[PDB]
>>> print(open('target.cif').read())   # mmCIF, N, CA and C atoms
data_model
#
loop_
_atom_site.group_PDB
_atom_site.id
_atom_site.type_symbol
_atom_site.label_atom_id
_atom_site.label_comp_id
_atom_site.auth_asym_id
_atom_site.auth_seq_id
_atom_site.Cartn_x
_atom_site.Cartn_y
_atom_site.Cartn_z
ATOM 1 N N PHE A 2 9.237 22.648 25.907
ATOM 2 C CA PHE A 2 10.265 23.667 25.854
ATOM 3 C C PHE A 2 10.990 23.656 24.516
ATOM 4 N N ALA A 3 11.486 24.833 24.133
ATOM 5 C CA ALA A 3 12.251 24.971 22.903
ATOM 6 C C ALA A 3 13.271 26.078 23.040
ATOM 7 N N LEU A 4 14.376 25.944 22.297
ATOM 8 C CA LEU A 4 15.375 26.988 22.232
ATOM 9 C C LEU A 4 14.805 28.146 21.430
ATOM 10 N N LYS A 5 14.858 29.345 22.018
ATOM 11 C CA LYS A 5 14.327 30.564 21.438
ATOM 12 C C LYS A 5 15.498 31.355 20.856
ATOM 13 N N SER A 6 15.458 31.622 19.546
ATOM 14 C CA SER A 6 16.579 32.310 18.919
ATOM 15 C C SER A 6 16.237 33.736 18.520
ATOM 16 N N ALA B 2 26.720 30.059 21.530
ATOM 17 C CA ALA B 2 25.808 29.553 22.611
ATOM 18 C C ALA B 2 24.353 29.651 22.146
ATOM 19 N N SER B 3 23.533 28.675 22.535
ATOM 20 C CA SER B 3 22.079 28.627 22.237
ATOM 21 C C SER B 3 21.381 29.813 22.904
ATOM 22 N N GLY B 4 20.229 30.217 22.366
ATOM 23 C CA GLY B 4 19.226 30.977 23.131
ATOM 24 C C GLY B 4 18.769 30.155 24.326
ATOM 25 N N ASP B 5 18.046 30.769 25.258
ATOM 26 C CA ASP B 5 17.541 30.069 26.463
ATOM 27 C C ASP B 5 16.380 29.170 26.032
ATOM 28 N N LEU B 6 16.156 28.083 26.765
ATOM 29 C CA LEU B 6 14.919 27.270 26.643
ATOM 30 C C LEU B 6 13.752 28.083 27.211
ATOM 31 N N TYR B 7 12.660 28.194 26.458
ATOM 32 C CA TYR B 7 11.416 28.855 26.908
ATOM 33 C C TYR B 7 10.274 27.868 26.715
ATOM 34 N N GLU B 8 9.249 28.023 27.526
ATOM 35 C CA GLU B 8 8.070 27.143 27.469
ATOM 36 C C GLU B 8 7.195 27.546 26.274
ATOM 37 N N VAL B 9 6.728 26.539 25.561
ATOM 38 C CA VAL B 9 5.862 26.672 24.356
ATOM 39 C C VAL B 9 4.395 26.672 24.773
ATOM 40 N N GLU B 10 3.578 27.541 24.169
ATOM 41 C CA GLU B 10 2.102 27.510 24.330
ATOM 42 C C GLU B 10 1.490 26.721 23.172
ATOM 43 N N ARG B 11 1.854 27.057 21.937
ATOM 44 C CA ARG B 11 1.378 26.318 20.746
ATOM 45 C C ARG B 11 2.233 26.685 19.536
ATOM 46 N N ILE B 12 2.045 25.950 18.452
ATOM 47 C CA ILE B 12 2.650 26.260 17.138
ATOM 48 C C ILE B 12 1.613 27.021 16.315
ATOM 49 N N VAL B 13 2.009 28.156 15.756
ATOM 50 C CA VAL B 13 1.115 29.084 15.005
ATOM 51 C C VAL B 13 1.180 28.775 13.509
ATOM 52 N N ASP B 14 2.321 28.323 13.017
ATOM 53 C CA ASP B 14 2.527 28.134 11.571
ATOM 54 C C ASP B 14 3.778 27.287 11.371
ATOM 55 N N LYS B 15 3.962 26.803 10.148
ATOM 56 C CA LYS B 15 5.171 26.038 9.810
ATOM 57 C C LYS B 15 5.561 26.321 8.366
ATOM 58 N N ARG B 16 6.826 26.076 8.066
ATOM 59 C CA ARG B 16 7.427 26.317 6.731
ATOM 60 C C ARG B 16 8.660 25.435 6.609
ATOM 61 N N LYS B 17 9.015 25.092 5.378
ATOM 62 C CA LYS B 17 10.269 24.342 5.124
ATOM 63 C C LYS B 17 11.440 25.310 4.972
ATOM 64 N N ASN B 18 12.593 24.949 5.536
ATOM 65 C CA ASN B 18 13.874 25.647 5.277
ATOM 66 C C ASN B 18 14.402 25.156 3.916
ATOM 67 N N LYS B 19 15.514 25.726 3.458
ATOM 68 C CA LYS B 19 16.147 25.404 2.149
ATOM 69 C C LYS B 19 16.548 23.923 2.097
ATOM 70 N N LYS B 20 16.833 23.301 3.249
ATOM 71 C CA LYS B 20 17.254 21.873 3.337
ATOM 72 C C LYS B 20 16.058 20.920 3.469
ATOM 73 N N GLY B 21 14.816 21.417 3.398
ATOM 74 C CA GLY B 21 13.606 20.573 3.394
ATOM 75 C C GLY B 21 13.156 20.149 4.791
ATOM 76 N N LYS B 22 13.612 20.844 5.845
ATOM 77 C CA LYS B 22 13.257 20.553 7.259
ATOM 78 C C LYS B 22 12.280 21.616 7.770
ATOM 79 N N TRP B 23 11.332 21.196 8.591
ATOM 80 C CA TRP B 23 10.318 22.124 9.151
ATOM 81 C C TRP B 23 10.957 23.170 10.061
ATOM 82 N N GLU B 24 10.432 24.392 9.991
ATOM 83 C CA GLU B 24 10.587 25.452 11.013
ATOM 84 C C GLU B 24 9.184 25.778 11.514
ATOM 85 N N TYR B 25 9.066 26.117 12.786
ATOM 86 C CA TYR B 25 7.760 26.376 13.428
ATOM 87 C C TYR B 25 7.728 27.787 13.991
ATOM 88 N N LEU B 26 6.618 28.469 13.738
ATOM 89 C CA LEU B 26 6.365 29.779 14.375
ATOM 90 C C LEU B 26 5.776 29.492 15.763
ATOM 91 N N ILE B 27 6.533 29.805 16.797
ATOM 92 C CA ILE B 27 6.211 29.413 18.194
ATOM 93 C C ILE B 27 5.477 30.557 18.885
ATOM 94 N N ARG B 28 4.332 30.264 19.479
ATOM 95 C CA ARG B 28 3.682 31.105 20.510
ATOM 96 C C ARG B 28 4.295 30.674 21.834
ATOM 97 N N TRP B 29 5.006 31.572 22.510
ATOM 98 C CA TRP B 29 5.684 31.250 23.789
ATOM 99 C C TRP B 29 4.696 31.455 24.939
ATOM 100 N N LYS B 30 4.673 30.523 25.897
ATOM 101 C CA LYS B 30 3.737 30.619 27.045
ATOM 102 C C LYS B 30 4.000 31.916 27.817
ATOM 103 N N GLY B 31 2.938 32.667 28.088
ATOM 104 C CA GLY B 31 3.014 33.954 28.805
ATOM 105 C C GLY B 31 3.231 35.129 27.870
ATOM 106 N N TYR B 32 3.404 34.874 26.572
ATOM 107 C CA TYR B 32 3.622 35.925 25.556
ATOM 108 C C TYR B 32 2.485 35.886 24.539
ATOM 109 N N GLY B 33 2.503 36.814 23.592
ATOM 110 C CA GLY B 33 1.488 36.922 22.537
ATOM 111 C C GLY B 33 2.120 36.932 21.156
ATOM 112 N N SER B 34 1.335 37.326 20.167
ATOM 113 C CA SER B 34 1.755 37.346 18.744
ATOM 114 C C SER B 34 3.043 38.166 18.573
ATOM 115 N N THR B 35 3.203 39.274 19.304
ATOM 116 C CA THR B 35 4.366 40.181 19.108
ATOM 117 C C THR B 35 5.674 39.416 19.350
ATOM 118 N N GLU B 36 5.657 38.463 20.278
ATOM 119 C CA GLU B 36 6.874 37.728 20.700
ATOM 120 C C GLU B 36 7.033 36.396 19.938
ATOM 121 N N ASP B 37 6.159 36.050 18.989
ATOM 122 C CA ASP B 37 6.323 34.768 18.245
ATOM 123 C C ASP B 37 7.661 34.787 17.520
ATOM 124 N N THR B 38 8.326 33.640 17.414
ATOM 125 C CA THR B 38 9.589 33.500 16.665
ATOM 126 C C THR B 38 9.560 32.211 15.851
ATOM 127 N N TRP B 39 10.185 32.257 14.689
ATOM 128 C CA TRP B 39 10.397 31.079 13.824
ATOM 129 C C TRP B 39 11.568 30.264 14.370
ATOM 130 N N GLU B 40 11.337 29.006 14.693
ATOM 131 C CA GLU B 40 12.382 28.142 15.277
ATOM 132 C C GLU B 40 12.533 26.883 14.449
ATOM 133 N N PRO B 41 13.785 26.488 14.131
ATOM 134 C CA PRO B 41 13.980 25.207 13.476
ATOM 135 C C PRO B 41 13.485 24.044 14.344
ATOM 136 N N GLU B 42 13.062 22.961 13.703
ATOM 137 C CA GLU B 42 12.502 21.790 14.437
ATOM 138 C C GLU B 42 13.532 21.247 15.444
ATOM 139 N N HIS B 43 14.841 21.345 15.177
ATOM 140 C CA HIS B 43 15.862 20.789 16.101
ATOM 141 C C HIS B 43 15.988 21.646 17.355
ATOM 142 N N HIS B 44 15.291 22.781 17.440
ATOM 143 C CA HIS B 44 15.244 23.594 18.680
ATOM 144 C C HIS B 44 14.223 23.022 19.678
ATOM 145 N N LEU B 45 13.355 22.114 19.249
ATOM 146 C CA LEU B 45 12.166 21.698 20.046
ATOM 147 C C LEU B 45 12.507 20.477 20.892
ATOM 148 N N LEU B 46 12.233 20.560 22.192
ATOM 149 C CA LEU B 46 12.462 19.421 23.119
ATOM 150 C C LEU B 46 11.117 18.770 23.469
ATOM 151 N N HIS B 47 10.884 17.545 23.013
ATOM 152 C CA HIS B 47 9.650 16.782 23.326
ATOM 153 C C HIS B 47 8.401 17.597 22.997
ATOM 154 N N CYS B 48 8.383 18.269 21.854
ATOM 155 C CA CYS B 48 7.215 19.093 21.441
ATOM 156 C C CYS B 48 6.317 18.362 20.444
ATOM 157 N N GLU B 49 6.382 17.033 20.343
ATOM 158 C CA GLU B 49 5.565 16.274 19.353
ATOM 159 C C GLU B 49 4.077 16.594 19.537
ATOM 160 N N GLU B 50 3.574 16.741 20.764
ATOM 161 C CA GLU B 50 2.126 16.996 20.998
ATOM 162 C C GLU B 50 1.749 18.327 20.335
ATOM 163 N N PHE B 51 2.615 19.339 20.385
ATOM 164 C CA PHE B 51 2.293 20.632 19.739
ATOM 165 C C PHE B 51 2.298 20.478 18.216
ATOM 166 N N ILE B 52 3.245 19.735 17.662
ATOM 167 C CA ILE B 52 3.326 19.506 16.191
ATOM 168 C C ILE B 52 2.065 18.742 15.755
ATOM 169 N N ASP B 53 1.692 17.711 16.502
ATOM 170 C CA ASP B 53 0.527 16.873 16.138
ATOM 171 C C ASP B 53 -0.757 17.694 16.263
ATOM 172 N N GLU B 54 -0.885 18.517 17.308
ATOM 173 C CA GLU B 54 -2.073 19.394 17.459
ATOM 174 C C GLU B 54 -2.151 20.299 16.226
ATOM 175 N N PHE B 55 -1.051 20.963 15.895
ATOM 176 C CA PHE B 55 -1.039 21.903 14.753
ATOM 177 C C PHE B 55 -1.467 21.175 13.469
ATOM 178 N N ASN B 56 -0.899 19.997 13.211
ATOM 179 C CA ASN B 56 -1.141 19.282 11.931
ATOM 180 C C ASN B 56 -2.562 18.709 11.885
ATOM 181 N N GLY B 57 -3.135 18.463 13.043
ATOM 182 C CA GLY B 57 -4.499 17.929 13.146
ATOM 183 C C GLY B 57 -4.614 16.497 12.677
ATOM 184 N N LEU B 58 -5.828 16.084 12.355
ATOM 185 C CA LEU B 58 -6.073 14.621 12.234
ATOM 186 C C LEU B 58 -6.166 14.144 10.783
#
>>> encode(input="target.cif", output="structure tokens")
Amino acid sequence: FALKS
Amino acid sequence: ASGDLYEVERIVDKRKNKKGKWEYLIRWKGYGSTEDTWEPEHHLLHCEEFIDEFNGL
């Protein structure tokens, strides 16, 4: 998972 | 506030920011090229396997 900006 | 956490499919590309830290072009699981986004490395949670796959051997 990763923060999507 | 942060963007939402989304599941990663793979890393498509990488580049250095002005401070010399990696940013990754993310393929998001369930999405395609149109939805890829450039994300700083500090956005990634336990994504070492994707970074290592991208960089190869």
>>> select_by_dssp(input="target.cif", residues="chain B", states="alpha helix (DSSP H)", output="PyMOL selection string")
chain B and resi 49-56
>>> interface_residues(input="target.cif", of="chain B", to="chain A", cutoff="7 Å", atoms="only C-alpha atoms", output="ChimeraX atom specification")
/B:3-9,40,44-46
>>> atom_distance(input="target.cif", atom1="atom CA of residue B:23", atom2="atom CA of residue B:39")
10.1 Å
>>> atom_distance(input="target.cif", atom1="atom N of residue B:38", atom2="atom CA of residue B:10")
11.1 Å
>>> select_by_dssp(input="target.cif", residues="chain B", states="strand (DSSP E or B)", output="ChimeraX atom specification")
/B:6-7,9-17,23-29,38-41,45
>>> residues_around(input="target.cif", residues="residue B:55", least_positions_apart="6", cutoff="8 Å", atoms="all atoms listed in the file", output="ChimeraX atom specification")
/B:11-14,49
>>> atom_distance(input="target.cif", atom1="atom N of residue B:15", atom2="atom N of residue B:31")
18.9 Å
>>> decode(input="target.cif", residues="chain A", atoms="N, CA and C atoms", output="tab-separated table (two decimals), in the first residue's frame")
chain	number	residue	atom	x	y	z
A	2	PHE	N	0.82	-1.20	0.00
A	2	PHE	CA	0.00	0.00	0.00
A	2	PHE	C	0.86	1.26	0.00
A	3	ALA	N	0.30	2.32	-0.58
A	3	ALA	CA	0.97	3.61	-0.61
A	3	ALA	C	-0.04	4.73	-0.60
A	4	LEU	N	0.37	5.88	-0.05
A	4	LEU	CA	-0.45	7.07	-0.09
A	4	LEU	C	-0.46	7.60	-1.52
A	5	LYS	N	-1.66	7.82	-2.05
A	5	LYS	CA	-1.89	8.27	-3.41
A	5	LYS	C	-2.19	9.77	-3.36
A	6	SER	N	-1.38	10.58	-4.04
A	6	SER	CA	-1.57	12.02	-3.97
A	6	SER	C	-2.10	12.60	-5.27
